[PDB]
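I have placed the structure first, in the form of structure tokens, so that the comments after it can refer back to it.
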Amino acid sequence: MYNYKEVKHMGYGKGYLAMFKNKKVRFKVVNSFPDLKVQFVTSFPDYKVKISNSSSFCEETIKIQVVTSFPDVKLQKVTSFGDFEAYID
């Protein structure tokens, strides 16, 4: 999505999510031409995310799409004690 840095690069990965590690972010779950496929689990896969009910605070927004198999990046939605904060649609 839009930002201060050049958005010439395409395809986001794990490192991309680390860009805002220990910071706040926004997530937008879509059902078409998504940005990244991230599956949600009950445990802590690779990274942890904290689900919040707020929009006027996020620094950036990224489109995502929950999959059933062959997920791009797994995240753990918790209320606290997580890695970073992200508000998914």
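We label chains A, B, ... in the order they appear in the structure tokens, count residues from 1 in each chain, and number ligands from 1 in the order shown.
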
Shell around residue 31 (chain A) at 9 Å using only C-alpha atoms, local window under 2 positions removed, as a PDB file with C-alpha atoms, in the first residue's frame:
```
ATOM      1  CA  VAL A  29      -9.096  -9.071   4.589  1.00  0.00           C
ATOM      2  CA  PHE A  33      -6.688 -10.011  -5.902  1.00  0.00           C
ATOM      3  CA  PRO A  34      -5.321 -10.117  -2.328  1.00  0.00           C
ATOM      4  CA  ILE A  64      -4.736 -10.153   3.220  1.00  0.00           C
ATOM      5  CA  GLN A  65      -6.694 -13.333   2.504  1.00  0.00           C
ATOM      6  CA  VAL A  66      -7.101 -16.271   4.886  1.00  0.00           C
TER       7      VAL A  66
END
```

Discussion item. For region 43-48 of chain A, find every residue with an atom within 8 Å (counting only C-alpha atoms), except residues of its own chain fewer than 3 positions away, and show them as a list in words.
Written reply: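 Near region 43-48 of chain A, the qualifying residues are residues 73, 74, 75, 76, 77, 78, 82, 83 and 84 of chain A.
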
Worksheet entry | Long-range neighbours of region 5-16 of chain A as a list in words, 7 Å cut-off, only C-alpha atoms, 2 positions minimum in chain | residues 3, 18, 19, 36 and 73 of chain A

Discussion item. One decimal, in Å: what's the spacing between CA of residue 58 (chain A) and CA of residue 26 (chain A)?
Written reply: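 A separation of 5.4 Å between them.
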
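Counting only C-alpha atoms, residue 85 (chain A) has the following residues at most 7 Å away, ignoring those fewer than 2 positions along the same chain: residues 23, 24, 25, 49, 50, 51 and 87 of chain A.
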